[PDB]
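Trainee: Sharing a structure with you now.
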Amino acid sequence: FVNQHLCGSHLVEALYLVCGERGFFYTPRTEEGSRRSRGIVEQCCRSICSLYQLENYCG
């Protein structure tokens, strides 16, 4: 996509394209964040992660 920090819907709205039909897994209830989450949300939201990383959760 363009180039900015993905936070919340911006992350989903983005992974949705990266994964296309493969889909990705978003915190189903860990909305608080724990071992994971900060790996996908903060990594991208906190820092501009390249599609390569967003493409890492497509599954």
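Under the authors' numbering, the letters of the sequence shown match residues 1 to 59, in that order.
We put the CB at the ideal spot given by N, CA and C, even for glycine.
(1) Under DSSP, the alpha helix (DSSP H) around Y16 begins and ends at which residues?
(2) If you compare alpha carbons, which of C19, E32, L11 is closest to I40?
(3) Drop a sphere of 10 angstroms on the beta-carbon of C7, count the other beta-carbons inside from all chains shown, and report buried for 16 or more, exposed for fewer.
(4) Give the straight-line distance between the Cα atoms of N3 and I48, rounded to the nearest whole angstrom.
Mentor: Result, derived from the coordinates:
(1) Residue mapping note: residue 16 aligns to position 16 of the sequence shown, counting from 1. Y16 -> alpha helix (DSSP H) spans 9-19.
(2) Mapped onto the sequence shown, residue 40 falls at position 40. Nearest option by C-alpha distance: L11.
(3) Walking along the sequence shown from the start, residue 7 turns up at place 7. It is exposed - the Cβ of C7 has fewer than 16 other Cβ atoms within 10 Å.
(4) The residue given as residue 3 occupies position 3 in the sequence shown. The residue given as residue 48 occupies position 48 in the sequence shown. Answer to the nearest angstrom: the Cα atoms are 7 Å apart.
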